[PDB]
Each structure stands twice: as C-alpha cells, then as structure tokens.
Amino acid sequence: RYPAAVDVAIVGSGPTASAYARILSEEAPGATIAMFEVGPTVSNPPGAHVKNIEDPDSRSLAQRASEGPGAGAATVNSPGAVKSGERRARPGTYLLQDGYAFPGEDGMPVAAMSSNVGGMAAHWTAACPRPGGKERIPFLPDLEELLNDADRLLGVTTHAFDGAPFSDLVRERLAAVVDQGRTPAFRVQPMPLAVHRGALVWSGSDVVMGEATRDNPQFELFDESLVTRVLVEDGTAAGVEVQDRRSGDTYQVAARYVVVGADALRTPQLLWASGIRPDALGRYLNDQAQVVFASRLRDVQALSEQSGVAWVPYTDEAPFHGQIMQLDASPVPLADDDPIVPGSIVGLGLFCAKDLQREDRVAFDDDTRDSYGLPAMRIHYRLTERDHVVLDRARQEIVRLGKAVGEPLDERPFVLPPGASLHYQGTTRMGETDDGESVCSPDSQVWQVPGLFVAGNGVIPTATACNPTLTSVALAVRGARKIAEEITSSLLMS
Ligand SMILES: Cc1cc2nc3c(=O)[nH]c(=O)nc-3n(C[C@H](O)[C@H](O)[C@H](O)COP(=O)(O)OP(=O)(O)OC[C@H]3O[C@@H](n4cnc5c(N)ncnc54)[C@H](O)[C@@H]3O)c2cc1C
C-alpha cells in the first residue's frame, strides 16, 4: 500500500500538516510526499468541512466516523448539554477515557481530539484572528508575512458578512464599551474567517491543501494509516513506521524529512513512543480558560448571513480574546434562536491567556496503552492564583459586553471545564536555543532530531488568548519553506 521511500513523510492531515503539503507542492514540485492520517476520509474533496455535506444523516455519519473510540458515545449538541457540564465531547471529536485529571490538580476533563482526514478543521468554526502584544512570538522577524501567507492558505476574509443585517450594529454597540484608548488593531472589528464561496461555506483542510496539492503527482494521501513511530538513523529523521488500519500490517516508510502534525496531545505522544524525549516535551501545556454567555439584540423584524462574528481583541492589560457571533458560527452551542425575530440572538465567548508553568504537562505511561496502542496520556494541569484572577476578570468582561449588545438571555456567565477551548498550546514549543525549555527551533525543527519537524498549536510558546489555528499555520509555512529551500538547493537526490 505504501511507498518504500519518500522525500517528506507527513503525520496527520489537519490544517498544519496540510500547510506543509501545500507549500512543498508550490515551492518544491518534484519532491515526493506521503501524508498519513489515522482516521478515515469523511468528506469530498478530502478534508472538506462536514457542514458542507447537505444531507443531515450523511453529515451525522461523517461526524461519528471522526470520533475514534468515542464513536458510540453520547455527544454535546445543544446549549442545555453545554450548561449541564456533562463529561461528553462535541460531535466530530472524542475525549480521553482516563488520565485527564489527578488529585490536587484541575486537569483537562474535556480535552478532545478528532480522527479524520482534515483533522479538527473538518469540524471547526474558522475564526482566524491575529495575535497581539505578548501573544506574538518575538523572535520571528517575518511573523506578519507568515500570518498573511496563512490567510492565503486558509482563504481568510473579514468581509463575508458585509451583507448581513445585524453585523454592523453588534460591532458599533461593542465598540462603545471597548474602543476607548485603544489603537485600531485592538478595537472591535469583524473576525477574519476561513470561509469559502453556492452559499458561504466553511473552509477545512481541503482549502489549505488546495488544487496545488491535489494536482501534485508527487503527493499521496493515505487515510486509515496510524503512524506508531518516527524512525531515526544516524541522529537524523529516517522515516515512519505505519500501521495500515485496513489490514493490521505494519510497514516502514523511509524519508529524508518527517513532519508531525498530529495535534497538541498526540504529537508529543508519537515523539515519546519513538524515544524522542527532550525534557521540554509535553511541558508548558496551556489551555485557554473559556467563559460563555448569550444576549438578545434590541430591535424588530449552509452558513446563514445574520450578524457574523465580531472580534474583541486581546491586550496585555486585558488578557482575553472575545468573540460575539451568530449561533451557527459558535464553537459550542450557546443558545436557541428567537422564533419571532431570527438573527437577534448572539453568543459570547471569552478565552484567557494562561500563566505558563513547566509542571502543566501531558505525560505518557508505557505500561498503559490507549485505543490506538500508543502510550496512554496523563494530563497534569492546574490553574494558578493569577489564572483565577484573570478568569474572574473575564467573567466580569463578558457580562459588560453582553449588556452592551442587548438583554442577556442568562443571568450569569458560564465557565467551561478545562479542555473546552480545544486550543492546547506549548507541548512541542519553539524557542531560540536548545536550553531545555523548547522542543523545536524557530523553523519548527526538533532540536534533538534534524529533519524532524513538528506542527500545530503545540508549537506556540507564548501565552495566548486568541484562536490559534491561523498562527499555527503561519508557523507551519515557515517550517515548510525551510524544507523546500533545503530540498530545492540540495546536491543530494531521492
Ligand atoms: C467545534 C470546533 C470549533 C473550533 N473553532 C475554531 C475556531 O474558530 N478557530 C480556531 O483557530 N480553532 C478552532 N478550532 C480548533 C481547530 O480546529 C484546531 O486548532 C486545528 O484543527 C489544529 O490543527 P492541527 O493541524 O494542528 O491538528 P488537527 O486539526 O487536530 O489534526 C491532527 C490530525 O492528525 C491525525 N493524527 C494524530 N495522531 C496520528 C498518528 N499517530 N498517525 C496518523 N495520524 C494521526 C489526527 O487524526 C488528526 O486528523 C475548533 C475546533 C472544533 C472541533
């Protein structure tokens, strides 16, 4: 099934692994690439968003097939289920069965993963804000350029709701309580969204791979392919061990470059199982503390055009990221729509930047194996005093914003359990030097293994509140360009 050797082997098929495939297809066109995804193909073109599947029954099946071992488990698909705090995953995702919490620690009880072609971007709500202040990685002089390139790969736009009736009204009402003393980049503005188009549809990994990857004769995608090991020969990346889930057969695929984009929890898991264990691996894990709310606007009368998505930017002084959105553009069900006046109800979400700690980590136990046969995950996570103060300010701020747009549907703001944001950073984080605090270089290349590159939210080292996918793709673009420059300028061959 698999080639004996390739130039680049890519683990996973989410937007960050898809970014490597795209830039390598554009900038190193002759290079052979094999992408391996453990989950099945659930959409067309491969990795497309499940919400673009018109048939609801076929859409439910695509979501169920994405839930790995939690396929036959009850999910959270209503605002009542979110507020009930039941330890369930949202459709298209699955939770850990054990090792999510430990005594004297908060853990991440609702830490979720997706197993399908396209990763979580086959199920996401495409908010693509830019980082600001201390969120920006300071040692990347080209950060702005890479963020603009990430906008290109995701097809990001801030004008999809320029025809929506309530988008300008929500924006101007939030601006009255947010904008005072802020420079233009930190004022209330439309959220940049990864939305395609024939009505406005969500963008998945299919948009990031694009026609450049799909028309590349040298690229091949293998679904139902579990990468169990990253192979190392002479201290450099040598290939991948891959279990063909359609037969149980385990193969070895040789490669000059190995790119792991397997999400923030499974990327350090695969490195740990391969014997690639630097001291910073899986440490400085950070979730974005999340608070939710809902509000009804004060007026009369697949993706709908109601009020769009408003962005309340993070600042160092007010370290949370806000998003005010129409109910179908929310990462979590927040309210039912108003029957008489539709589009008049908006959801509110605040996400907190974390107080980075070395002891917040994802650890692995070789004595216990998970549903895929890999070392089980142990999550050690705890909110500090500073984290609780910031989360308290976020609960106050979300009420201020909710009252500013209208009449709040709920009396109190609701904090979601740790893991709810689905934005886990820092587990394979980049740094300037190999001091024992970072796993990879500014080009996302693992310090310990030349040729081995990491991808995803785990790469982000800073304390961020904003939705991470756009930044993670921007970092993937820099890593993929280092690979393309090395391949195109090498005297060596395949
Ligand atoms: C409901 C929802 C709403 C969201 N909304 C937003 C939003 O508005 N904005 C935002 O920025 N983020 C949002 N997210 C999060 C976003 O989807 C992720 O940040 C993003 O998908 C991460 O990209 P990734 O490529 O690093 O990893 P993933 O998307 O998680 O993909 C990793 C892939 O690797 C595969 N894989 C893992 N281990 C192996 C292995 N050993 N072998 C082979 N394959 C493997 C997995 O099956 C998976 O498909 C949302 C997510 C959900 C589900």
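Ideal geometry is used to build each Cβ from the backbone, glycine not excepted, and the neighbour counts take in all protein chains shown. Each answer follows from the model by the rule given with it, or from the source it names; these are not laboratory values.
Contact list please: Cβ distance under 7 Å, first residue in the stretch 449-462 and in the same structural domain as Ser274 (by TED's automatic domain parsing), second residue near the ligand (Cβ under 8 Å from one of its atoms) and of a type in the set (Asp, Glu), pairs at least six apart or on different chains.
Pairs found: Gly456/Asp263.
Any residue in the stretch 36-52 that is closer than 13 Å to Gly92 by Cα sitting within a Cβ distance under 8 Å of a residue that is of a type in the set (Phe, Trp, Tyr)? List the pairs, counting only those 6 or more apart or interchain.
From residues that are closer than 13 Å to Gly92 by Cα, the pairs are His49/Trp124; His49/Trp202; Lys51/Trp202.
Does the stretch 181-191 contain any residue that is assigned to a helix (DSSP H, G or I) and among the hydrophobic types (A, V, I, L, M, F, W, C)? Don't jump to the end; show me each part of the working.
At the first step, the residues of the stretch 181-191 found to be assigned to a helix (DSSP H, G or I) are 184-186.
Then drop every residue that is not among the hydrophobic types (A, V, I, L, M, F, W, C), which leaves 185-186.
Within the stretch 181-191, one or more residues are assigned to a helix (DSSP H, G or I) and among the hydrophobic types (A, V, I, L, M, F, W, C).
For the stretch 293-333, how many residues meet the condition of being closer than 24 Å to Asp162 by Cβ and in contact with a helix residue (DSSP H, G or I) (Cβ under 7 Å, 6 or more places away or on another chain)?
Here the count works out to 13.
Given the criterion away from the ligand (no atom under 16 Å from the Cβ), assigned to a helix (DSSP H, G or I) and surrounded by fewer than 22 Cβ atoms within 10 Å (Cβ to Cβ), identify the matching residue among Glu105, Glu26, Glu54, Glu86.
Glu26
Select from the stretch 357-394 the residues that are within 16 Å of the ligand (Cβ to nearest atom) and among the basic types (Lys, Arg) and list them in ascending order.
Within the stretch 357-394, just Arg369 meets the criteria.
Every residue in the stretch 439-460 that is touching a strand residue (DSSP E or B) at 6+ places or on another chain (Cβ under 8 Å) and crowded, with 24+ Cβ neighbours inside 10 Å, please.
Those that are touching a strand residue (DSSP E or B) at 6+ places or on another chain (Cβ under 8 Å) and crowded, with 24+ Cβ neighbours inside 10 Å: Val439, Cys440, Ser444, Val446, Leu452, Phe453, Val454, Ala455, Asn457, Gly458, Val459, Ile460.
Is it fair to say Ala480 is in contact with a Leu (Cβ under 8 Å, 6 or more places away or on another chain), surrounded by 24 or more Cβ atoms within 10 Å (Cβ to Cβ) and of a type in the set (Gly, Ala, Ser)?
yes
Can you pull out every residue in the stretch 65-83 that is over 19 Å from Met120 (Cβ atoms) and assigned to a loop (DSSP other than H, G, I, E, B)?
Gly72, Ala74, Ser78
Take the residues in the stretch 439-460 that are within 15 Å of the ligand (Cβ to nearest atom), under 30 Å from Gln189 (Cβ atoms) and assigned to a loop (DSSP other than H, G, I, E, B), then tell me which one is nearest to the chain's Cα centre (by Cα).
Top of the filtered list is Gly456.
Checking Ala329 against (1) more than 30 Å from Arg173 (Cα to Cα); (2) within 16 Å of the ligand (Cβ to nearest atom); (3) buried (at least 19 other Cβ atoms within 10 Å of the Cβ), only one condition comes out false. Which one?
Of everything listed in (1) more than 30 Å from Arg173 (Cα to Cα); (2) within 16 Å of the ligand (Cβ to nearest atom); (3) buried (at least 19 other Cβ atoms within 10 Å of the Cβ), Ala329 misses just condition (1).
With the condition kept exactly as written, say whether any residue in the stretch 258-274 is of a type in the set (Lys, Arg) and within 14 Å of the ligand (Cβ to nearest atom).
Scanning the stretch 258-274, I find at least one residue that is of a type in the set (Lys, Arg) and within 14 Å of the ligand (Cβ to nearest atom), so the answer is yes.
So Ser225 fits all but one of (1) assigned by TED's automatic domain parsing to the domain that holds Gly68; (2) touching a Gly at 6+ places or on another chain (Cβ under 6 Å); what number is the exception?
The one condition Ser225 does not meet is (2).
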